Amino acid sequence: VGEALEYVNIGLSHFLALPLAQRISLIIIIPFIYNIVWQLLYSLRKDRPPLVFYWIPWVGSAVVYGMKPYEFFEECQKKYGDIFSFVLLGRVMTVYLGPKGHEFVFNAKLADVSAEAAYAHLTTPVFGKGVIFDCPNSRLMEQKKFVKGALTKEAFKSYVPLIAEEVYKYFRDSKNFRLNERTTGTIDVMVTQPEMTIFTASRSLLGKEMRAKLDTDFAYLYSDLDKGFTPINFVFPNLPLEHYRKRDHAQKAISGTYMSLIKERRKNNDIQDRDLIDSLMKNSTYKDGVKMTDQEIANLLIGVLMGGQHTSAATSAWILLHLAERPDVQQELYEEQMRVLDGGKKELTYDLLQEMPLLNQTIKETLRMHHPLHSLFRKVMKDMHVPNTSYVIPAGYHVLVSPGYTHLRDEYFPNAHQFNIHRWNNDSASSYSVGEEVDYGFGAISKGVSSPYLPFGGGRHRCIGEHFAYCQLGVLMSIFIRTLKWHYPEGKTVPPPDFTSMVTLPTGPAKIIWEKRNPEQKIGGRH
């Protein structure tokens, strides 16, 4: 033994004096071997869900998960069942598939999991400090209440003509259309829909001043701010690169613009009930009496606009793309437009939108097939026992829930990969509570989150934008349908989703050909 302890020390010294051909070599093989040995040992544990095997330490299953998450989930599900873990760029993600996974993650106790700890590192640099995920959950809850206060039926009634005006202006003025000059053309929907989305959301939520800014070089700041909203920021949120500083600059410049308007509205006592800015100026005091600062108000405006931007733009792109190979659905939607709007003699209102079930069912079905967020995350803050299992998810893990995956399962939606708006006949609401409700601070929502359809998530982190999204999408698609027919270039069809971007937008270029339904129809107004 004595001799052995000596030769241990000796072996150590001979180890340190290896040629750096082998030292560099051992710098690679040692962690590689430890990783594989650690996994085999991990597999022996019965209080842990199975862990997907991976070859490269730290990286884990990043590539296959990033490129095709639903295919990844399906294969893991076949081998391991509904609960399994995988390593992702240094983190361990525990996936719980299906309605029980929805319950496990969306209805997890506040003490058990943290959304802000999963999300803040990306969003905070983009939006700014003090809001959304850069604050305690209790603060988020009331910010959602504040924002929801501008998103009432009365507001939607006033937004609908504004959104309509923006859509028509876009048809009139955008080079992508120019309907007074051209009767047919080709567009990339991932060019048109982001523009139509920011134009309509700006006009209605932010108001005319902020909409007008988008016709200036100021619009480039939004483009710059947009480039900070990228999944890689979950890993590298701050690097001394240029686009990171353009991001920081844009946030300052845009929030500064919002603050300028806010302070100006207050100076002139010009605070009314037009938009989300008026609403937050009038209603942004927390229940402990602390008021949101003008900066936090501006930051919250940025987050709300950015949130609504990507989910909605991707969704209307998908709607156009699915309908492009379905002239039968376009035809059916057009008949409904003619029926509800008296052949076009009626002006579209929010109330008439609610009487367009097939149009709303079209949005609903598109959100089924294209959940914009394929994976929602929480960081596990306290050890969690998985009910009816021996599994414990330890603090420091992340949990991953994927309702968009269940959207595409035949067991819950027959012929799930078929686009069929009629699967929602007599069920055209954006969603609803099938039972008991609870209020986390921003209104009563469904207590259960077991619905296999969950485009807007559930529990305390549930979306509050769904009715604004349907309003915006509804107005936009109503006008599209009444104005245009469209189809694919020969041999083109619905593109696959890009699962590596922030939302599951279509892989580009995603082009459709439009044609005026009334070649001679003119859009009035000056330009």
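Numbers for residues come from their place in the sequence shown, where the first is 1.
- Stretches 306-314 and 444-452 differ in mean CA B factor, with 444-452 having the higher one.
- Across the two stretches, 93-101 and 333-341, the PDB entry reports the greater mean Cα temperature factor for 93-101.
- Reading the B-factor column for the CA atoms of 107, 152, 180, 238 in the entry, the top value corresponds to 238.
- Considering 196, 395, 259, 292 together, the PDB entry gives 395 the largest C-alpha B factor.
- Residue 490: CA B factor lies in the highest third for its chain, per the PDB record.
- Per the deposited record, the Cα B-factor of residue 497 falls in the middle third when ranked against the other modelled residues of its chain.
- The PDB entry assigns residue 72 a C-alpha temperature factor belonging to the middle third of its chain's modelled residues.
- Ranked by Cα temperature factor within the chain, residue 505 sits in the lowest third according to the deposited record.
- Ranked by Cα temperature factor within the chain, residue 165 sits in the lowest third according to the deposited record.
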